[PDB]
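Chain residues, written in single-letter form:
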Amino acid sequence: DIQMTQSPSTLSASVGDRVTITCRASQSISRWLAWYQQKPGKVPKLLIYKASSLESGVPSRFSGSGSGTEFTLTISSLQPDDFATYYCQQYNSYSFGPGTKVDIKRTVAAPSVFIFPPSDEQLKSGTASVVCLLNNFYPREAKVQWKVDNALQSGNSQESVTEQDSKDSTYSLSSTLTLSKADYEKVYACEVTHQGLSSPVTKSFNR
Amino acid sequence: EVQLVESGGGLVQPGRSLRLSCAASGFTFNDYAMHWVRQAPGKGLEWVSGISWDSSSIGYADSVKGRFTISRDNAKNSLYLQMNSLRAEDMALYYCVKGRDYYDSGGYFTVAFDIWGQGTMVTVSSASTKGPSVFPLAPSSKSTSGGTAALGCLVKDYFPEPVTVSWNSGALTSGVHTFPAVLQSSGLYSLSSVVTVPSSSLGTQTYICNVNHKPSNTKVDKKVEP
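Residues numbered from 1 in each chain as written, not as in the entry; some residues may be left out. Chains lettered and ligands numbered in written order. Heavy atoms only, no water.

Listed as the method for this PDB entry is X-ray crystallography; the listed resolution is 2.4000 Å.

Helices and strands together make up the secondary structure of chain A, namely 2 helices and 18 strands. Taking 17 Å as the expected radius of gyration for a compact globule of 207 residues, we find that chain A reaches 23 Å, considerably beyond that expectation. Counting only C-alpha atoms and orienting by the principal axes, one finds that chain A spans roughly 70 × 35 × 30 Å. Per-residue burial for chain A yields a buried fraction of 49% across its 207 residues. Accessible surface, chain A: about 9400 Å² in total, of which carbon and sulfur atoms supply 46%. Of the charged side chains in chain A, 20 are positive and 18 negative, and the gap between their average positions amounts to 4 Å. (Helix = DSSP H or I, 4+ residues; strand = E, 2+ residues; numbered from the N terminus. Rg over C-alpha atoms; globule rule 2.2 N^0.38 Å. Buried < 20%, exposed > 50% of the residue type's maximum accessible area, 1.4 Å probe, protein only. Areas by Shrake-Rupley, 256 points an atom, 1.4 Å probe, with all protein chains shown as cover. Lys, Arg positive; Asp, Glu negative; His and termini not counted. Charge placed at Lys NZ, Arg CZ, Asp CG, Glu CD.)

This brings us to the sheet that holds strand β13 (residues 143-148) of chain A. Residue and element names in this part refer to chain A. A sheet is described by the order of its strands in space; here 4 strands give the open sequence β14-β13-β17-β18, paired in antiparallel fashion. The open sheet has two edge strands, β14 (151-152) and β18 (201-205), and neither has a second partner. When strand β17 (residues 188-193) meets β18, the two strands line up antiparallel, connected through 5 bridges. When the sheet's bridge partners are listed, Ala189 is paired in β18 with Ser204. (Pairing = 2+ DSSP bridges.)

Turning our eyes to something else, we now look at the domain arrangement of chain B. When the domains of chain B are assigned, the result is domain 1 (3-124) and domain 2 (133-224). Using only C-alpha atoms to locate each centre, domain 1 of chain B and domain 2 of chain B end up separated by 34 Å. (Domains from an automatic or database assignment.)

Structural data, given as structure tokens:
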């Protein structure tokens, strides 16, 4: 079969930068290449067909080139809403490349840290969930530890992160500490580290 | 308007079968090759199968050959995928996709793969369908910063995906972060959806989360308060 490859596999870049994404075919496919944009949670959208024809109503900052074996997609001036995974596809036997995930670079922004204890309603059925929320930070890298009556936790917390916000290019993050009602009758603290905080920060509550 | 409406996705035991369907409208269905494409959680797009306008040629990816059967009914403007002997690798979102026009060989006035269906989820598992529990994330001194408070809903212990969440029936979009679901060791999914709003609005506004888990026929509204 025809194998499609892409490089780099991820890249971060500032608003206004020129970005160049490369796609490669294992053998010659002439100009039979398409490029797709996929935003998380949405269906893929055709941007370029026949290597360089812009699909209708796609902004003019997108362009494609190449014929044969090596191909590029160029975003001439990157915008906050261009955050996505970009896939090439050979247009003869329909096979896709593995995608390039584009992230928007912006100024460092420390998270706002909020904490929520279990609801009364939940407690009633013998399980307790403590949720810590890091809101509207950049970059994506962060550290959240759980302490209970000062005792540091392990294995009993899961994290989730949103996609980049399409206006302000920030991330948010939930960490959820799971414990039984039993164990929870025993000061609960979420401790956060991040490039935007001069030193770590701790949100906590009692009981 | 040109559309592809999918159905038939759901939960099925490993080794068992499901039929996907896709109803076309707004274009001359008879004139177009048609395709299926899938995407496994957090992974890339994979072409699955295609079929010519008159069904005289059919193609499959190597990973599905012998287990999947594509077909169409032009009189009903419908495209189907019969999936048998389902396994882990087939767990994915499945897209109905519009191909090349029979008349436009060179695509001088037509472009292939321009119109996609919304997607339909296939889950391959012996585990049970289970509705979520919906718990409030109440705004407090410890979820406030200057002129903003954060509140939300915890949507816990459902299978399979998906679940949807809105706030005040779509009338509140700004400041909403609905987190991607994570799989808990127990084998059930859970997520939170939060929203930040003016702290002074806590007195004037009502904040309700609308949770819908179609696989289990569960709709829940939870009002959340200080």
